[PDB]
Amino acid sequence: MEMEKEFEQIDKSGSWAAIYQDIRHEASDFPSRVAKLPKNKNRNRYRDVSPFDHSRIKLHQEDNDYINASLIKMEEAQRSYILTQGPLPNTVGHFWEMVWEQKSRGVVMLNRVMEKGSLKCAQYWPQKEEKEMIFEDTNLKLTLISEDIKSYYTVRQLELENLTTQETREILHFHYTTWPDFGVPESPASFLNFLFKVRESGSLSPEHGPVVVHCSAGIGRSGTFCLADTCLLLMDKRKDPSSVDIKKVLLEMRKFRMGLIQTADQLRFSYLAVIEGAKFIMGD
Ligand SMILES: O=C(O)c1csc(-c2cccs2)n1
Ligand SMILES: O=C(O)c1csc(-c2cccs2)n1
Ligand SMILES: O=C(O)c1csc(-c2cccs2)n1
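About the criteria used
- Counting of residues restarts from 1 for each chain and follows the sequence as written, so the numbers need not equal those of the entry; residues with no coordinates are not shown.
- Here the convention is simple: chains get letters from A, ligands get numbers from 1, in the order in which they are written.
- The side-chain values count all of the structure's non-hydrogen atoms but skip hydrogen atoms and water molecules.
- Helix axes use the C-alpha atoms of the stretch in contact, all axes being lines fitted to C-alpha atoms, and the angles between their N-to-C directions lie in the range 0 to 180 degrees.
- Numbering of helices and strands starts at the N terminus; helices are DSSP runs of H or I of at least 4 residues and strands are runs of E of at least 2.
- Note on convention: the crossing is left-handed when the near helix lies turned anticlockwise from the far helix by less than a right angle, right-handed when the turn is clockwise.
- Throughout, a contact is declared for two residues whenever any of their heavy atoms are within 4.5 Å.
- Residue polarity follows a fixed list, in which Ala, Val, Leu, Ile, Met, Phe, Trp, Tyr, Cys and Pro are nonpolar, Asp, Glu, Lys and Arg are charged, and the others, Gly among them, are polar.
- A pocket, in this scheme, is an open set of points on a 1 Å grid over the protein atoms alone with protein on both sides within 12 Å along at least 5 of 7 lines, while a cavity is a set where a 1.4 Å probe fits but cannot get out; residues line either one if an atom lies within 4 Å of a point.
- Grid points are joined across faces, edges and corners, and a volume is the space filled by probe spheres set on the points.
- UniProt positions are given in the numbering used here, feature names are shortened, and annotations may be inferred rather than shown by experiment.
- Per-residue accessibility, obtained with a 1.4 Å probe over protein chains only, is compared with the maximum for each type, and a residue is labelled buried under 20%, exposed over 50%, and partly exposed between these values.

## Thoughts on the packing of helix 1 (residues 3-13) against helix 7 (residues 264-281)
1) Next: Between helix 1 and helix 7, whose axes approach to 10 Å, the crossing angle comes to 145°. You can see that helix 1 and helix 7 cross each other, and the crossing is left-handed. Contact with helix 1, carried on its side by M3, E4, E6, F7 and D11, involves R268, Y271, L272, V274, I275 and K279 of helix 7 and no other residues of that element.
2) Next: When its residues are assigned to classes, the contact of helix 1 with helix 7 shows 6 nonpolar, no polar and 5 charged.

## Section: the layout of surface pockets
1) Next: The volume enclosed by the largest pocket comes to roughly 450 Å³.
2) Next: Residue classes in the lining of the largest pocket are distributed as 9 nonpolar, 7 polar and 7 charged.
3) Next: Taken as a whole, the second largest pocket holds about 250 Å³ of empty space.
4) Next: Contributing to the lining of the second largest pocket are 14 residues, with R24, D48, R254, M258 and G259 lying nearest its centre.

## Concerning empty space enclosed by the protein
1) Next: One number sums up the size of the largest cavity: a volume of about 50 Å³.
2) Next: What lines the largest cavity is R43, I67, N68, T84, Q85, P87, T91 and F95.

## Focus: the UniProt feature "binding site: substrate" in the chain
1) Next: In this structure's numbering, the residues bearing the UniProt feature "binding site: substrate" are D181, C215, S216, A217, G218, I219, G220, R221 and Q262. When only the residues just named are considered, the largest pocket is lined by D181, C215, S216, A217, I219, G220, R221 and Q262.
2) Next: Locating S216 in the fold gives a position in the loop between strand 11 (211-214) and helix 5 (221-237).
3) Next: Sequence-distant contacts of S216, defined by excluding residues within four places in its chain, comprise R45, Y46, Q85, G86, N111 and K120.
4) Next: Of note, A217 is situated in the loop between strand 11 and helix 5.
5) Next: We classify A217 as buried; its relative accessible area is 10%.

In structure tokens:
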């Protein structure tokens, strides 16, 4: 079926939970043996969220190459994404090592450091220009260059220096700051505006490594971001945009990381975002 009318049909029939459970039943199951080794317990935020072995990002290190991060490679759309958990106190250096080694231009953060009164990720970037961060375990230096605070999101320019080689690179940090503590946003307008700002920066383009996107576990909000982006790109590429099947795209992405889209409300929100976004693209 088309998307917008499939949407009204699920709303009128109140069957979002059944649609979402079908996706969960059909989703791929691949091994995640490296994630479960005892030496990696303090590298995982949640015991039930792990990268598959076949798609995990490897650190270029001979001691321990493990990070909780997955490469989502979308062949028809010609887009790749790295989805990862929010960094932990003992993985902030690994996080920036990955950014460097994978040649990423942008980092997309969809959570706040504290939500619901608890810590959801480490404070892994500097908050003042004159107070830079040094990660001694991976030999990197990170400096805040500038910060632009808007009503729904903040963009930061960061400098990452490989202290071994003295090479430097500019990284863009896109921080969506207004996702509610519970549920999903009422309108997708600010989330789509944010997605378009990431796109306009070059951070999603083939001349760079894959964008790094995270929330707390790296599957829920993060899954919503890449699902909406890929569906909208396919609608622009194909002769028949109404052939884009969001459920089929989601199952393809779940071949590369488990659990993408965590609730039926997140599924409904993803449909809403793609539907509204397709009107603004045109040719709109
Ligand atoms: O939460 C933490 O532990 C944390 C946040 S930034 C950081 C480091 C910066 C530079 C070296 S360690 N640690
Ligand atoms: O909508 C089209 O034009 C369409 C439907 S499927 C499709 C392709 C799949 C893989 C490569 S092109 N294009
Ligand atoms: O099937 C639809 O309603 C749909 C989704 S995107 C699309 C486009 C039309 C013209 C350009 S893109 N139509």
